[PDB]
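# A structural walkthrough
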Amino acid sequence: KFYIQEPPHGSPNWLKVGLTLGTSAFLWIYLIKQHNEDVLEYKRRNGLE
Amino acid sequence: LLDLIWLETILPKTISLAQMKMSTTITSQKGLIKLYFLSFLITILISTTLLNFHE
Amino acid sequence: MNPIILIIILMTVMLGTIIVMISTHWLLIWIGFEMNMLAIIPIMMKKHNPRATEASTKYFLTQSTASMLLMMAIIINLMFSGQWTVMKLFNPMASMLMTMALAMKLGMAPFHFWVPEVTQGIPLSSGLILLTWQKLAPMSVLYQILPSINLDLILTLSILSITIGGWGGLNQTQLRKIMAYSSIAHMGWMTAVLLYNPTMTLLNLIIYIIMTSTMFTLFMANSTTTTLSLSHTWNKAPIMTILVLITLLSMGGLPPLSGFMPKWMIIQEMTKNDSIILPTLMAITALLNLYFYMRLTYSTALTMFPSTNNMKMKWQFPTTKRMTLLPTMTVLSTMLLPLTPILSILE
Amino acid sequence: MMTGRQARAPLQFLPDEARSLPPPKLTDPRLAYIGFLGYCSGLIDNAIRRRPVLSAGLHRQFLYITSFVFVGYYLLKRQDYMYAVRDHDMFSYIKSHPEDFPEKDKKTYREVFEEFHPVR
Amino acid sequence: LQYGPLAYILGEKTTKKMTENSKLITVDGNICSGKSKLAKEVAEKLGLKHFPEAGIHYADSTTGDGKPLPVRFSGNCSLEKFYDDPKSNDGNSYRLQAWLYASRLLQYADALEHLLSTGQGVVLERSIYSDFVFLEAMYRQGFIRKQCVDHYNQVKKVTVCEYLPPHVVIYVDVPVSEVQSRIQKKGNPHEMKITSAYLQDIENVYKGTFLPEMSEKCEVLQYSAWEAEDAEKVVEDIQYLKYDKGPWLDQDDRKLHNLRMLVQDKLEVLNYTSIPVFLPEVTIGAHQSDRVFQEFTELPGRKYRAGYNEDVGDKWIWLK
Amino acid sequence: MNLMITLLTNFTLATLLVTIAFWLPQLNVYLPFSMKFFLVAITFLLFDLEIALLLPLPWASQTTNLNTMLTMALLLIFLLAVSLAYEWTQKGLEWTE
Amino acid sequence: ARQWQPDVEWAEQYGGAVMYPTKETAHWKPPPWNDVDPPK
Amino acid sequence: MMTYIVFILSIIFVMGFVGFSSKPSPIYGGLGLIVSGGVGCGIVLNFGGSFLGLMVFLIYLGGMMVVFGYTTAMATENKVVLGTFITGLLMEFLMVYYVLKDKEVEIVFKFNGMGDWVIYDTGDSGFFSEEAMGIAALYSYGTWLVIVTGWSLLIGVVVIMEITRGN
Amino acid sequence: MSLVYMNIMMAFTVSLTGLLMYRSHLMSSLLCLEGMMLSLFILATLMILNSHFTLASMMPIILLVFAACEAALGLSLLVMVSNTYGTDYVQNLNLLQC
Ligand SMILES: CCCCCCCCCCCCCCCCCC(=O)OC[C@H](COP(=O)(O)OCCN)OC(=O)CCCCCCCCCCCCCCCCC
Ligand SMILES: Nc1ncnc2c1ncn2[C@@H]1O[C@H](COP(=O)(O)O)[C@@H](O)[C@H]1O
């Protein structure tokens, strides 16, 4: 060891890292799904297909 | 005379002294609730009778 | 304070402001203000010392007086209109009384005299609530009654707030009074553009809330309530001096920063309406605000004041304070000017 | 100004007519700037907590970038919608009030007399 | 953090763990009272956690690798140079006293954090309530100035008000002649330079100022040099105390929650030790401050937050 | 009108009896503040406002919106009870319980 | 020849009750550090 | 004279306000506000507001001014007051004299000087008091109003117990 | 307009100028504040009864209740002020000038 007291951030909070990566991946797939649905609705309403 | 005194006196120094003096007049309040509400009453009387902000 | 009781009381502050924002009846506006004042009194008396009791008493007296003037304006509106809809008022006397009452609740000059006292008397988190969240409900009422707001009254209040808030902060060394006079000047800027374009009122309100929340969060993160204790920050946390530097330069409205965004748009809306003298003198008067912001940047970031020996102990301990949204708020308070046309989302 | 326009259908962040508009591209430079602001927030978050700035918490930096891009995409959609509404109202008002917007007779500079001011 | 408002809401009350043995006991005495074993003896009879007396390098023992830092990074002051040159020009005397007050403040915060998080009582040696009896004993000897006493009283006025006093204060009566006999038997060549008037001033501010003011807010036990040798009599006296004074009686879960929130935030504990009072004994100018800060950051394990230092072998930093 | 006459008569009789009692025997020659009392007065005031909310109930039972009326009546008496329970458990009703 | 940094004399100008002490605001002392006044 | 009874009670109402607002002592100020509350109740009763007038007696005078006089008795135990009182009295009776000699006045608003019986309705309400029915509709129509008022009173209990504790 | 409204508004302005001109006591200020409330109650009540506006008959009660709760809060502040200085004098509340 090095430290005389075990630090709070000596080991990674794996629950919080998992929630972070899962939330970020969810927001990316929801953003890409929203964007594809929006370009499809734009092309449907304006007749560009 | 000019570029250490008078051109220094007329634009920056007199402006700075004026803002200092206005700052000390605005912030010389005695912390009394009585005087602030008396100023609020004088504000309402000037707004109604002297400025006609209610018409 | 019990944390559950703190959560219920903060939700009640929020509920009072939300009731003001969502209601169509004047009695529910007045109820939202009463609920908000009643719930925010314990937040000011959180630490139980005579300065907090004095600040809460002064706050109670000013907000209760404004609440009675508000109810008299509502009652005169009911005389001359027979109804209670939160819309334009149907009497100029009721319009004057409601504008006075809302200016007292905002602490706009010449009803500004409680804001530095009450802000100084209370902790930094409760002064954060007072200078940001407590502006939201009266500005929303001013938003809805602007077809009946007298122009000369609201512009007199605006320029008087900008000048008095500029000169008031020049004499201050306490950080809470600096933020209070800065608040008075920024509310003057918000009401000056209100009858011309209330979207710019909302823009100035949002940018002010972001920058003021940033400065209060930095002050809480460094435990500093004076200029001279803020000057120790370089020897303890040198990143915090850079953050207070960029945020104070932004609050001065210096481009390319985000606090240049409101006043520019405000001038952009006041010259379309052929008012040229007024935004000119307003912008020149805001140089007073920039002067005492620059005073704080000189003492904190651009020079190194002398420290003490016991500071060496605080080098061995990290900041365990939850600096909630401080990097996000610091980025939004400084780097937002390239996204200036985002303001149309407030329309 | 446009507050009675969005008052028959209140509290809609993006109304249904906003779907007639092309959405911002994901390579929108405004959206790339908002992602850059998320990256700067992640760096300041490492800096104020005395973490190594570029290296520590890459999951946290990526959630900063992702959350700013996510919020900013919808903010840009609403921005473009409101300027489209502004122009739609402008053009419909000009089309419905021709007496207020006459077609001005454009004159060529052979008829236009301008006063000459010599620089001498 | 580990403890906060959420853990208090989700059931963690400190009166569940506040048993009868959860007592903060401070042992006091003069420079060679021999209290240092007595305290340990009490902590091995009542089952309490013993904290040794906070010196210059207490904060060094609580942070980093636990090893003492070089004296320019912690202290900037010497006890031995105080013993050699008490009236020195560089201001070692009050700088040493102010650093020791900050160290005892940190130690009292550690003791209250252990007591309020575990329910185990703590035996201290010369807490922040008894630190001032050196200060006045320096000021009565002309070792420090009146301005140094004013600075000390400002820092004490805004720091000690936030804490609870100990439950038991144990004092050890040892006369100045026996103190000097034990100093000469100790053999420390610096500590043998202590005058008689300084030790007599320590005893006078002990008996005339400290013990009268701690007799109201807690329970003072006072022993001579020979009756403090029997630890069983001292522990018998502690176990048969009827606690009826001081502000420990009116401590519910809310007040002790607020106190535990205070004593786990060490920068908030150490906030007002560095107040901007520009006293020449404690003021460090900006060039020395900058230079010693940047030398402190280059120490191993000290550049970043504790879990974030590759040079001392911290892993998974890109996921922290 | 009869009520104003009756109030005037009761006030006149009371003032006449007080004037007799203060001037018929003239013929012959011959604190530290207590927080507890203030708290019980404020608790009276707050529960008295809650009672003022409860006073139109004999008229409110005549409505055709009885499910809503019964819900709001029970909710007001319940919030008076929650005020009492908070006053109880936070030691507000102590030493004058 | 090194860079000037503020001395104690420069820094004491920012520790007063106000920034510009006049005749009226000369009895003003700065507030307490923890903002707690004694109960008198 | 009896056709002006609401006006006479309103004169006594303003006289009571000049009484306590000149602030002789908070106990005499409490007495002046009590007398004012009684005569304002009488005004409300003469416009047919029986329940609202009895709320002035039960809640304002019997509930709130009791607590004011109580706190005043626990806390307490001139020339400006008398001059202010005669000033407000002379201003009020100059208002009376003008609006009686002219049957019209304009201080800020225009005011008729006839007896205020003239504005009333000339019908009946059948077998109910309309004011009683509108107050009874707080439970049927005023659901959100009941919610926000009861929540504010519960919060008021909590707030008084927070700020009076000192801890 | 009708003649009683003149006096109820004048009562409001008299109690307003009483509340905007303090003498010494905080209690006298709270009495002027509740006089302002009483006049608002009476004026609201006379309008609502004159108009036969039925649903607004519950409005002055609400105006009473909230404001008396407000008054309760004010009394508590006064008491805490009176637990600091011995009196409720407004001139003792001047620490926040600096
Ligand atoms: C059209 C507009 C409609 C409305 C839009 C939204 C408006 C938002 C207004 C924001 C006002 C926020 C006020 C602060 C939060 C309220 C509660 C509070 O103060 O919590 C802080 C809390 C208290 O900690 P405490 O323990 O009391 O501190 C004493 C020392 N231990 O903890 C702390 O002190 C921790 C320190 C950090 C706290 C930072 C909080 C930042 C919140 C504001 C973010 C920026 C504003 C939102 C974005 C823009 C919206 C306009
Ligand atoms: N002003 C002071 N003068 C001398 N010793 C001090 C002073 N302040 C604290 N001490 C400590 O008190 C110790 C003497 O007690 P002891 O631990 O029994 O030797 C010294 O070794 C120092 O660590």
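Residues numbered from 1 in each chain as written, not as in the entry; some residues may be left out. Chains lettered and ligands numbered in written order. Part of a larger assembly, values for the part shown. Heavy atoms only, no water. Residues with missing side-chain atoms left out of burial classes, pairs and counts.

By the method listed in its record, cryo-EM, this PDB entry was determined to a resolution of 2.5 Å.

A few words now on the overall build of chain C. When its secondary structure is counted, chain C shows 16 helices and 1 strand. Computed over its C-alpha atoms, the radius of gyration of chain C comes to 20 Å, within 12% of the 20 Å expected for a compact globule of 347 residues. Principal-axis analysis of the C-alpha atoms gives chain C an extent of 70 × 50 × 35 Å. Classification of the 347 residues of chain C by burial places 76% in the buried group. (Helix = DSSP H or I, 4+ residues; strand = E, 2+ residues; numbered from the N terminus. Rg over C-alpha atoms; globule rule 2.2 N^0.38 Å. Buried < 20%, exposed > 50% of the residue type's maximum accessible area, 1.4 Å probe, protein only.)

Moving on: the pattern of salt bridges. Counted according to the given criterion, the structure contains 39 salt bridges over all chains. Between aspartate 38 of chain A and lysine 77 of chain D there is a salt bridge, with the nearest N and O atoms lying 2.5 Å from each other. In this pair, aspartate 38 of chain A is assigned in helix α1 (residues 14-46) and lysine 77 of chain D in helix α2 (residues 58-96), connecting two distinct chains. There is no split in this pair, since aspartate 38 of chain A and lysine 77 of chain D are both buried. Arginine 104 of chain E is the salt-bridge partner of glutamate 53 of chain E, the closest N and O atoms lying 2.9 Å from each other. Taken together, the residues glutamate 53 of chain E in the loop between β2 (49-50) and α3 (58-62) and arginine 104 of chain E in helix α5 (residues 92-118) connect sequence positions 51 residues apart. Judged by its relative accessible area of 29%, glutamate 53 of chain E falls in the partly exposed class. Accessibility expressed as a relative area gives 5% for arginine 104 of chain E, which makes it buried. Here the salt bridges do not stand alone but share partners, grouping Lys35, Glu53, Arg104, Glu125, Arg126 and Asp131 of chain E into one network. (Salt bridge = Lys/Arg side-chain N within 4 Å of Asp/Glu carboxyl O.)

We now examine the interface of chain H and chain I. The interface of chain H with chain I comprises 74 residues on the first partner and 57 residues on the second. Across the contact surface, chain H and chain I share 0 salt bridges. Along the contact surface separating chain H from chain I lie 11 residue pairs in polar contact. Of all the secondary structure elements, the ones that give two or more residues to the side of chain H that touches chain I are α1 (5-21), α2 (26-46), α3 (50-75), α4 (79-102), β2 (110-112), α5 (130-136) and α6 (143-163) of chain H. Counting residues per element, the side of chain H that touches chain I draws most heavily on α3 of chain H, which supplies 13 residues. (Contact = heavy atoms within 4.5 Å. Polar contact = N/O pair within 3.5 Å; in protein donor to acceptor, adjacent residues only side chain to side chain.)

Listed by partner, the interface residues are 9 residues for chain F and 11 residues for chain I. Summed over both sides, the interface of chain F with chain I buries roughly 810 Å², with 88% coming from carbon and sulfur. Connecting chain F to chain I are 0 salt bridges. The interface formed by chain F and chain I holds 0 residue pairs in polar contact in total. (Buried area = accessible area lost by both parts, 1.4 Å probe.)

Strand pairing in a sheet relies on backbone hydrogen bonds. The paired strands run either parallel or antiparallel. Residue and element names in this part refer to chain E. Read across the open sheet, the 5 strands follow the order β2-β3-β1-β4-β5; overall the sheet is parallel. Each edge of the open sheet is held by one strand with a lone partner, namely β2 and β5 (219-223). Of the strand pairs in this sheet, strand β4 (residues 168-172) and β5 are connected by 5 bridges, and their pairing is parallel. Bridged to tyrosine 171 within β5 is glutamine 222. Set on the sheet, helix α10 (residues 231-239) makes contact with β1 (24-29), β4 and β5; between it and β5 the angle comes to about 160°. (Pairing = 2+ DSSP bridges. Axes fitted to C-alpha atoms, helices over the stretch in contact; angles between N-to-C directions.)

Take the site of ligand 1 next. Residue and element names in this part refer to chain C. Taken together, 17 residues are adjacent to ligand 1, and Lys46, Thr132, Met220, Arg322 and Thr324 come closest. Relative to its unbound accessible surface of 1100 Å², ligand 1 loses 57% to contact with the protein. Elements supplying a minimum of two residues to the shell around ligand 1: α6 (124-132) and α10 (198-222). Residue contributions to the shell around ligand 1 peak at 6 residues, all from α10. Here the shell around ligand 1 is built from residues that sort into 10 nonpolar, 5 polar and 2 charged. (Near = heavy atom within 4 Å. Areas by Shrake-Rupley, 256 points an atom, 1.4 Å probe, with all protein chains shown as cover. Nonpolar A, V, L, I, M, F, W, Y, C, P; charged D, E, K, R; others polar.)

Within the fold, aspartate 116 of chain H resides in the loop between β2 and α5. In contact with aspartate 116 of chain H, other than residues within four places in its own chain, are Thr3, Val6 and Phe7 of chain H together with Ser2, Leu3 and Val4 of chain I.

Now for the arrangement of the chains. Contacts are most numerous between chains H and I, considering all 19 pairs of chains that are in contact. At the level of C-alpha atoms, the two units chain A and chain H stay apart, their nearest approach being 32 Å. At the C-alpha level, the nearest point of chain G lies 12 Å from chain H, with no contact between them.

On to the side chain of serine 140 of chain H. On the secondary structure map, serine 140 of chain H appears in the loop between α5 and α6. Classification of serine 140 of chain H as buried rests on a relative accessible area of 10%. What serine 140 of chain H contacts, discounting residues up to four positions off in sequence, is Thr63, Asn65 and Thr68 of chain F.

All names here are of chain E. Taken together, the neighbourhood of ligand 2 is formed by 13 residues, with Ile31, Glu53, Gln97, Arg126 and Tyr198 sitting nearest. Here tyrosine 83 contributes a side-chain N or O atom positioned 3.2 Å from a nitrogen atom of ligand 2. Measuring from a nitrogen atom of ligand 2, one finds a side-chain N or O atom of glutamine 97 at 3.1 Å. Looking at the shell around ligand 2, the elements with two or more residues in it are α4 (79-84), α5 and α6 (132-139). Taken together, the residues of the shell around ligand 2 sort by class into 8 nonpolar, 2 polar and 3 charged.

Buried residues dominate helix α11 (residues 253-263) of chain E, accounting for 8 of its 11 residues. Residues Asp253, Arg254, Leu256, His257, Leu259, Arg260, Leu262 and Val263 of chain E constitute the buried set of α11 of chain E. Buried residues along α11 of chain E sit against α1 (3-22) of chain C together with α1 (5-9), α5 and α12 (266-269) of chain E.

Here we take up the environment of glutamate 34 of chain I. Tracing the sequence through the fold places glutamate 34 of chain I in helix α2 (residues 26-51). Not counting chain neighbours up to four residues away, the residues in contact with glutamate 34 of chain I comprise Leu33, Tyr60, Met64 and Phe68 of chain H together with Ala67 and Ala71 of chain I.

Let us look at the UniProt feature "transmembrane region" in chain I. Under the local residue numbering, the UniProt record ascribes the feature "transmembrane region" to residues 1-21, 29-49 and 61-81 of chain I. From the first C-alpha to the last, residues 29-49 of chain I spans 30 Å; its make-up is 100% helix and 0% strand. (UniProt positions renumbered as here; feature names shortened; annotations may be inferred.)

The next point concerns the nonpolar core. Ranked by internal contacts, the top residues of the largest apolar core, which has 276 residues, are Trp26 and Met98 of chain C together with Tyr60 and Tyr139 of chain H. No other element matches the 20 residues that helix α3 (residues 59-85) of chain I contributes to this core. If sequence neighbours within four positions are ignored, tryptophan 26 of chain C has contacts with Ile74, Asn77, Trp84, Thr85, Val86, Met87, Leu89, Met98, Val141 and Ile145 of chain C. Counting residues in each nonpolar core, the second largest holds 96 residues, with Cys32, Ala43, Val174 and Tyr198 of chain E among its members. (Core = buried A, V, L, I, M, F, W, Y, C linked by side-chain atoms within 4.5 Å.)

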